[PDB]
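Asks: Turn this into a model:
(5 chains, ligands or ions: 12)
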Amino acid sequence: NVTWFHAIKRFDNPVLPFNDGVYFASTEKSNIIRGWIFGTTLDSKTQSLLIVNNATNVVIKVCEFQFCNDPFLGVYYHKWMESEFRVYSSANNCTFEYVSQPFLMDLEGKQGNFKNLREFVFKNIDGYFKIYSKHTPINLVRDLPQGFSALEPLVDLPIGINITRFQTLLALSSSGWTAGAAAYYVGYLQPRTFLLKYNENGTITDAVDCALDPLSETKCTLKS
Amino acid sequence: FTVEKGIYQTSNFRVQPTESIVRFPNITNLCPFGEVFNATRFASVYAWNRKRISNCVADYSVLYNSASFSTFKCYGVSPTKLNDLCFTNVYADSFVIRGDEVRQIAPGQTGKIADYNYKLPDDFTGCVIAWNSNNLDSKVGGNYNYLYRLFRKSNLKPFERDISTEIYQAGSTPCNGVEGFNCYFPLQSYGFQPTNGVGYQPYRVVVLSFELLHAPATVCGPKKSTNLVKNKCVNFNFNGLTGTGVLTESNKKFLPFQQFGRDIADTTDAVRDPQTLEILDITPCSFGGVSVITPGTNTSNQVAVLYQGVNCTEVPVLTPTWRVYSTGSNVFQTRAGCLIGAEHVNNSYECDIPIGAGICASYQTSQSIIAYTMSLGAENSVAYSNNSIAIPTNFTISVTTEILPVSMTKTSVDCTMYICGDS
Amino acid sequence: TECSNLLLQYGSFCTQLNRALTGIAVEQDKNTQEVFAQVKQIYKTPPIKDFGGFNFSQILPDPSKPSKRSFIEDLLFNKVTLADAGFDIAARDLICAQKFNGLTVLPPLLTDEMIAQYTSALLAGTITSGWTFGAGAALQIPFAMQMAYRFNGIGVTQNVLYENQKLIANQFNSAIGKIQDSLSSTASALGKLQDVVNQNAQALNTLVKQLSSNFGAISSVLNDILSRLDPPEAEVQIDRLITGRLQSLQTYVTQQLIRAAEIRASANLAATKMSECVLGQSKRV
Amino acid sequence: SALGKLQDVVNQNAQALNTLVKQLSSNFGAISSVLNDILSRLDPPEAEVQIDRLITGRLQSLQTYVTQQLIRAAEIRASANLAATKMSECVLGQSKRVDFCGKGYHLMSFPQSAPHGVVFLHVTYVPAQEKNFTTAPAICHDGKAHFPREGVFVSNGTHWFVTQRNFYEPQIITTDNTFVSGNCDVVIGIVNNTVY
Amino acid sequence: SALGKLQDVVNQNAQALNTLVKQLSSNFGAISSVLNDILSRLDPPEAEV
Ligand SMILES: *[C@@H]1O[C@H](CO)[C@@H](O[C@@H]2O[C@H](CO)[C@@H](O[C@@H]3O[C@H](CO)[C@@H](O)[C@H](O)[C@@H]3O)[C@H](O)[C@H]2NC(C)=O)[C@H](O)[C@H]1NC(C)=O
Ligand SMILES: *[C@@H]1O[C@H](CO)[C@@H](O[C@@H]2O[C@H](CO)[C@@H](O[C@@H]3O[C@H](CO)[C@@H](O)[C@H](O)[C@@H]3O)[C@H](O)[C@H]2NC(C)=O)[C@H](O)[C@H]1NC(C)=O
Ligand SMILES: *[C@@H]1O[C@H](CO)[C@@H](O[C@@H]2O[C@H](CO)[C@@H](O[C@@H]3O[C@H](CO)[C@@H](O)[C@H](O)[C@@H]3O)[C@H](O)[C@H]2NC(C)=O)[C@H](O)[C@H]1NC(C)=O
Ligand SMILES: *[C@@H]1O[C@H](CO)[C@@H](O[C@@H]2O[C@H](CO)[C@@H](O[C@H]3O[C@H](CO)[C@@H](O)[C@H](O)[C@@H]3O)[C@H](O)[C@H]2NC(C)=O)[C@H](O)[C@H]1NC(C)=O
Ligand SMILES: *[C@@H]1O[C@H](CO)[C@@H](O[C@@H]2O[C@H](CO)[C@@H](O[C@H]3O[C@H](CO)[C@@H](O)[C@H](O)[C@@H]3O)[C@H](O)[C@H]2NC(C)=O)[C@H](O)[C@H]1NC(C)=O
Ligand SMILES: *[C@@H]1O[C@H](CO[C@H]2O[C@@H](C)[C@@H](O)[C@@H](O)[C@@H]2O)[C@@H](O[C@@H]2O[C@H](CO)[C@@H](O)[C@H](O)[C@H]2NC(C)=O)[C@H](O)[C@H]1NC(C)=O
Ligand SMILES: *[C@@H]1O[C@H](CO)[C@@H](O[C@@H]2O[C@H](CO)[C@@H](O)[C@H](O)[C@H]2NC(C)=O)[C@H](O)[C@H]1NC(C)=O
Ligand SMILES: *[C@@H]1O[C@H](CO)[C@@H](O)[C@H](O)[C@H]1NC(C)=O
Ligand SMILES: *[C@@H]1O[C@H](CO)[C@@H](O)[C@H](O)[C@H]1NC(C)=O
Ligand SMILES: *[C@@H]1O[C@H](CO)[C@@H](O)[C@H](O)[C@H]1NC(C)=O
Ligand SMILES: *[C@@H]1O[C@H](CO)[C@@H](O)[C@H](O)[C@H]1NC(C)=O
Ligand SMILES: *[C@@H]1O[C@H](CO)[C@@H](O)[C@H](O)[C@H]1NC(C)=O
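Replies: Numbers count the residues shown, from 1 in each chain, chains lettered A, B, ... in the order given. Ligands and ions are numbered 1, 2, ... in the order given. Please find the structure below.
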């Protein structure tokens, strides 16, 4: 069971729990939900993570930063226009800030056959935050597709803080407002044993959830 | 002192490493130990600060050699070994606590300090350093700058920091702000004064909780890395991962953040050199059993040696302690290993001393030990025809003996006597 | 060296373990010798295969192949497949996972070619000499006449064979062909032999995988313990590994001794079948 | 080395006992392998730690010894069962099982007792001096096919006889030596000859 | 006692099984043979020993 959200006035961008990791695959353009928040206060009280993963680079900003009630740019672009500036309320203090290579996701305007399955596994544990990622070129814009593809690790950071909650960051008056056509999933990770098939090349080609059903458990027991 | 004819297994042989190899990332900047140690003021126990240490070279010897520290205890590593050890990340946590509470700092303890403000894990690996700072941070009137959390709803998890000043209420009746019935300010100040007796004096404590050998190491020792040599049985040390084997370039694909590739038995069989981002194959050096082939001693004192499992080119290229047969001139490479001291012949005989893979050794005439392919028997073509029969015209009565074990010695053991002799 | 000196405090446990495994290895060569080396002359069938209509081409050696194995013998050697790695066709080091940790595989005394020769000699002796070569010198007898003796041995008059010799030869030739088809098609025919290979490979893998266990120590890697701890406290961690790894080895050797006993009983039965079913005609039901 | 089988059993048992006794000289991590020395030197609290190490090692030594003895005993039992079967089938009777009571055709066996074992003296019949003969499966006499009642047809080059097929004793081919079955048109290799 | 051979097999297996179960009452040097008692009385650090 993976919840489904509407990335829009109808800001479905709440402070969702980060129970031992989250899965955040999605297909969309402009990256809509570019940034994310991970911490325990998320209102400048503690060094709540402010990771933007914008079109340039994944600017890790784990600062005691302020996130207003609606910390969004409110850019009604292509309806490119801006309404206000609350994406970055204010930096009361900070703890650490890191900037990665100036990459660029495929958020650039392109729908066609949507190759924007930017599958991300955001996991935080043992004073670390991991951003396992994968760019799968899928063909269907509807609900999450069927297939298999392992996510390579992207970022590893010895932060050391304690995190109990998280929140996503949206960059996008109310009369006749066209709701954005963007959505994101929030899966949850729980302790589970998986039988990973490494091909001759060290790429995970298949996996078995050892607790999914009796047949899978039998495969796990036989290690085959 | 006398050995019968046969082949006997003797201490295994092994190729010793030629030389040592050290491969650490090249960094020169020292870690900010002076910042954590000689800081002007230390945070409170409940407000214990955690300063990260990374991307540096730490010379732990200087810290351990200073006598100013009243306590220097390492729980997962020895202080001497730190100088040669390459770590992933280090967390330097500093706080000031009452002297009596130093014991509670150790892992696996309990108490108000261990259950409200600062708790170590059971499996803690690191070093704790402390030293009295009464003269530095004590005043006659009471340096109340240092407080601790005495009241908390629930015990804190290990390495958990609590700063909220919420008024706890043990006896229900939840109040807030001003104190009152059952509700008091959680933080209480220490009476750190120079007149206070030992134990009550303030103590400055710094603890390192570095993680070990699980990820690409970042901080490590002030030991100069040596050159890289491959195709030779050598001792290697990649960021504290010591071992022995023969290096070799590999076609491996490590992900950017990967450094080590382990084996089924949890042994690293492929490494990434920290200085040059290349993957090397790891293989423990060649080994095998050593079998001595001998006829009876009273028949002769000449012997042959089998280095089983290793082809002979290695042997001229150790453990057995007698590298005198290496002169060779009669080294025979069998499918069971190299055989030294035995003359190979094409004549096939009945097997005398089995070597393996159809090879047998015999002592025959001038005298020498020979190695040959065993003969299964005399060739014979039965004169079969469709109208020919052989019929015996005579006979022999043969008497042959067969020996079969039937019983063995009846043995009884008194368990208590054997284990506990009249004790 | 630090671990090795500690291991000396356990006495001669290691010597017992090596001695036990050497007894097993030597016994395997004895098992093969008992079954196959039952003939002291290497009989060879004549160039002219006039055996009264009986086809033995599928069980006689094929000279073309580098190994003088019969057609059916080749099928058998293809059905059975190794599990971990080459035990064999190895032209170099054993090249196995177990090799890394003091585990080695010894080649059998008799090569597959030698065992095939023994089978060829036993087969050539039977079809050219009946059961005489097992009791003494091989006395040739025409195969059809030999089959007449076999029929008498089961209570059927020999005239029955001669008057049905052509039919009987066809049934035998047809029956042999079905064996060839069965082996070529089915896979689980040699389950008994595969089980032995799998059990030994599985036990060996378990022994090697047991080196990844802490057994209560800080780490399962001996070098890591030595690199991090000083001798005094290192011994406590080292001793935990010695106890667990020593227990693991003893468990492996005890199982091998019990498996070896089962294999020896099987080999003794095969040797009795070779003597009583191949070297003679058996009246045991 | 005639009685190597029996000697091996004695040696293995003696070797196992010696290994068991030699294990009492091992520290197993204790300060000393001598239990009295530990007691004389240390007090109960610290002595227990040292004594417990010896108990673990000594107990493990005993278990290893007993397990080996059980496995050896099973091997001896199988040998004893075989010896009992040989006694019944080779000594108390005549065995037609090939090679079960010696090489050759078994005549009789005699038992001899040996230390912790038994020795069987197998008496066998071994044909010695064979001769080539020409042979035929049947004789065609008067349009009838004659087969040997018990024996085989042989020819010395000119004449045909019947002989028992384990010892050359040629005899004239008569109607008592042979039996008739069918005509001469079906048997492959039949040869003309007179049946007296 | 006609079927002693069959009875012995039953007795040996039952006896071995009883010995296995009775072996759960041994301290083996611990404070008690009851696992729950150890957990209820000692903290995880000491309970592990
Ligand atoms: C994992 O790695 C192996 C080995 O690198 C990959 O092997 C593939 O083998 C085929 C052989 O036909 C290659 O196709 C060929 O390409 C070569 C080089 O361009 C060309 O000269 C041949 O004529 C043929 O067209 C294929 O390129 C090669 N793949 C790679 C990445 O090298 C294997 O494909 C990889 N994946 C798996 C599941 O094994
Ligand atoms: C194959 O066996 C037959 C029978 O044993 C042999 O034919 C026999 O040859 C001998 C001579 O060597 C004959 O003995 C003679 O007896 C007659 C009386 O009948 C006597 O007058 C002669 O002076 C001589 O002593 C024997 O009679 C004869 N039997 C028959 C039926 O012809 C034959 O020699 C053997 N063939 C070969 C190649 O060995
Ligand atoms: C055993 O029986 C006889 C013994 O002579 C042989 O088979 C027969 O050989 C004779 C020749 O003497 C043949 O009889 C003849 O037949 C031809 C053709 O019709 C005729 O022209 C002659 O005048 C004479 O009558 C006969 O064909 C031949 N076959 C049979 C079945 O009688 C031979 O020595 C032996 N054959 C066997 C099966 O044992
Ligand atoms: C069947 O095999 C018998 C051997 O076990 C054999 O008996 C032997 O016959 C020869 C010939 O007489 C005996 O030799 C005596 O005679 C010769 C010639 O004088 C000498 O070389 C001997 O030294 C001795 O003088 C053998 O001694 C004798 N052996 C026995 C145990 O009796 C038979 O001859 C064979 N029978 C046939 C028909 O071939
Ligand atoms: C005894 O049984 C043998 C197999 O059951 C049989 O061998 C077979 O003989 C036939 C005829 O020579 C071969 O038939 C075809 O094979 C060749 C191969 O190149 C083709 O080119 C021809 O067209 C051909 O007629 C079988 O292939 C052959 N099989 C094998 C494994 O050799 C013998 O013929 C039988 N012996 C007797 C005396 O009957
Ligand atoms: C029995 O026969 C074979 C072959 O030769 C004999 O064959 C008979 C059919 C008959 O013609 C007889 O006159 C002839 O002598 C013998 O095997 C032979 O042994 C000799 C020994 O020198 C060799 O020269 C031959 O190569 C060899 N041929 C084969 C196919 O093996 C055999 O010795 C003989 N046996 C007895 C007991 O007489
Ligand atoms: C047994 O073998 C012999 C010869 O080895 C066969 O006799 C004949 O031999 C000549 C040789 O040129 C062939 O032309 C004949 O064809 C053979 N006979 C037959 C039927 O083919 C003899 O036939 C064979 N069979 C028997 C029972 O002896
Ligand atoms: C801290 O201070 C003392 C002297 O005040 C000095 O001996 C010590 O080396 C200092 N420690 C560091 C890491 O600088
Ligand atoms: C080690 O030296 C090489 C080049 O001299 C350099 O590329 C590498 O970055 C150095 N190691 C580190 C951790 O910087
Ligand atoms: C071995 O040879 C010596 C001669 O030096 C002899 O005394 C001894 O009896 C022989 N031992 C055996 C078992 O043959
Ligand atoms: C075997 O024969 C060859 C020549 O055929 C000879 O050169 C060789 O030396 C012989 N083998 C040995 C080991 O001497
Ligand atoms: C033995 O190993 C060496 C490499 O050290 C190799 O050159 C040689 O071909 C090998 N010989 C055999 C028979 O495997």
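
Asks: is the helix or strand containing residue C:192 up against chain B anywhere?
Replies: If you go by DSSP states H and E, residue C:192 is part of helix C:191-209. Yes. Among the residues of helix C:191-209, C:205, C:208-209 lie within reach of chain B under CB under 8 Å from any CB of the partner chain. The way it works is simple: take the backbone N, C-alpha and C, and place the C-beta from them, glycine included.

Asks: Neighbour-wise, which one of those residues leads?
Replies: residue C:208 (24 neighbours; other CB atoms under 10 Å in any protein chain shown).

Asks: how about that one, what does it touch?
Replies: By CB atoms under 8 Å, 6 or more residues apart in numbering or on different chains, residue C:208 lies in contact with B:264-265, C:97-98, C:100-101, C:103.

Asks: Backbone dihedrals for the residue in chain C that ligand 9 sits nearest to, please?
Replies: Closest to ligand 9 within chain C is residue C:227: 20.8 Å, counting by CB to the nearest ligand atom. When read as degrees, to the nearest 10, the backbone of residue C:227 gives phi -70, psi -20.

Asks: quick check, nearest of the residues of helix C:191-209 next to chain B to ligand 12?
Replies: Proximity of the residues of helix C:191-209 next to chain B to ligand 12 (CB to the nearest ligand atom) peaks at residue C:208, which lies at 24.9 Å.

Asks: now that closest one: how far from residue B:358?
Replies: 29 Å (CB to CB, to the nearest Å).

Asks: Next: residue C:81.
Replies: As defined by CB to CB, residue C:81 lies at a distance of 23 Å from residue B:358.

Asks: residues touching whatever residue of chain D ends up closest to ligand 7, list them.
Replies: Residue nearest to ligand 7 within chain D (CB to the nearest ligand atom): residue D:189, separated by 3.0 Å. Each residue near residue D:189 by CB under 8 Å, 6+ apart is listed here: B:386-387, C:142, C:144, D:136-138.

Asks: likewise residue B:21?
Replies: Residues in contact with residue B:21 (CB under 8 Å, 6+ apart) are B:226-229, B:234-237, B:247.

Asks: Quick one: which of those is the most crowded by neighbours?
Replies: Compared across the contacts of residue B:21, residue B:236 has the highest neighbour count, 24 neighbours, by other CB under 10 Å.

Asks: Are there helices or strands packed against the one helix or strand that residue maps to, and which ones?
Replies: Residue B:236 belongs to strand B:233-238 when elements are defined using DSSP H and E. Helices and strands touching strand B:233-238, as assessed by 3 or more CB pairs under 8 Å, 6 or more residues apart in numbering or on different chains; DSSP states H and E, comprise strand B:241-246, strand B:268-272.

Asks: wait, does it contact ligand 9?
Replies: No. Against ligand 9, strand B:233-238 shows no contacts by CB under 6 Å from any ligand atom, the least distance being 13.0 Å.

Asks: rewinding a little: among the helices and strands packed on strand B:233-238, which is nearest ligand 5?
Replies: Closest among the helices and strands packed on strand B:233-238, using CB to the nearest ligand atom: strand B:268-272, at 46.2 Å.

Asks: ok, now which ones touch residue A:141?
Replies: Residue A:141 makes contact with A:27, A:111, A:114, according to CB under 8 Å, 6+ apart.

Asks: Many thanks, have a good one.
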